[PDB]
Structure formats: C-alpha cells, structure tokens
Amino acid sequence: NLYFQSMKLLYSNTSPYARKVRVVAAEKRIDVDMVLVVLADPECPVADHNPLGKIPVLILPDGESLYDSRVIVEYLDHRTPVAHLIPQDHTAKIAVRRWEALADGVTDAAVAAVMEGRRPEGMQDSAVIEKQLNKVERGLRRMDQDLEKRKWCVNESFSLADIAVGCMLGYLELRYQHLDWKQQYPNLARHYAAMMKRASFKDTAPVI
C-alpha cells in the first residue's frame, strides 16, 4: 500500500451529505484526499468500506472507514482547534445537532421526491412526491421562522447547523430549478447569501 497516506473522502458531485462533509473539512482546515466516486463502479467498491453502499465515506490511514455524514462530521470537528463546528456546551450542541437533523431530514425528503420521479414510467406515485415535498415546505418554513432575528442558526456562531442548512438549500437548487424559495423565505435566502460567500461552501457547489 502507501505510507504517509492521507484521509480519503469518497464523494460524488451531487451528494448534499458529501458536500456537508467536504465543507466541514475546509472549515477545519484539514487536508483530505477527496475522491470523486461513482456508486455503481467496480474499481472503487464502496461496499468494502461502507456496507450500506452510501457516500460519503471517510477512509482513514488505518483503512478503517467512518460513515454516515453525521458521524464523519463529529470526527473531523475534533481533529483541529480551528473552530468549533459542534459546540462544547451541551445546550448549544443539542441545538446544533437538532438543526442539522432538520436540514438532513428535509434533504432526505427531497431525495425521496427526486428518486420517486426517476422510477420506471409505470410504477411512479404522485402521492409519495406530494407527501415528501410536504416535509420540505414545512421544514423550510420552520427554519425560516427560526432565523428571524438571528445572524446564524445557534448562539450566533457559525456551526455545523449553518453548513447543513447551506448544503440543503443548494440541493434544492440543484434538483428543483423552479423552486423560488429565496423569495418565499427571506431569512433563509439571507443565510444562503452569507454562506455563498465562503470558499468552503461556494467551492463545493454540486455540478455535472
């Protein structure tokens, strides 16, 4: 194998969960071998590192792999003292992980909708799409209310929360050109504005 191997982060160009991981990596200022991957492919078999078959996976120099994104992001925030993506104080930290679950949950709902539309032409269910896009709208409204008088999601400091909300919104933009959220959720668009101003964030926009 190889000496002086860096941590490797398996990822795809569209995965918002991968993006959350990449963004945290940059914020922590951690050097990481970022490996663009194709899930189907034989040459890099994800299943050998993540049995679930899901990206992102962080493969450490031991050859031991961490997934899912929620685990990986706790691991990395502890690597360097650059910033506390996850607050040390328990109140703030549960607050941070709650935001993140809301954001990931909305993303799960969008992925659900999106994939639902990709089913074979016969076996596709408009109700499923409706329900999921329902979770999205409700989640967005809630986040938007929570950012009325706030610079950032928690305690007024950039955290995993903000990152998660960014990756989420960016996912919406990627998958739903016609969603005009910015206008409907002014606090969120403002937040997204701040986020778009970070290389970490902007440097990782989905593509392809």
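Heads up: residue numbers just count along the shown sequence, starting at 1.
Relative to one another, 160-168 and 145-153 have unequal mean CA B-factors, and 145-153 is the one with the higher figure. Between 121-129 and 89-97, the higher mean Cα B-factor belongs to 121-129. Highest CA B-factor among 174, 58, 47, 26, as stated in the entry: 47. Within the listed group 103, 76, 82, 109, the record reports its top CA B-factor for 82.
Ranked by C-alpha B-factor against the other modelled residues of its chain, residue 196 falls in the middle third. When the CA B factors of the chain's modelled residues are split into thirds, the value for residue 68 lands in the lowest one. Sort the modelled residues of the chain by CA B factor and residue 140 lands in the lowest third.
Annotation for residue 52: C-alpha temperature factor in the lowest third relative to the rest of the modelled chain, per the entry.
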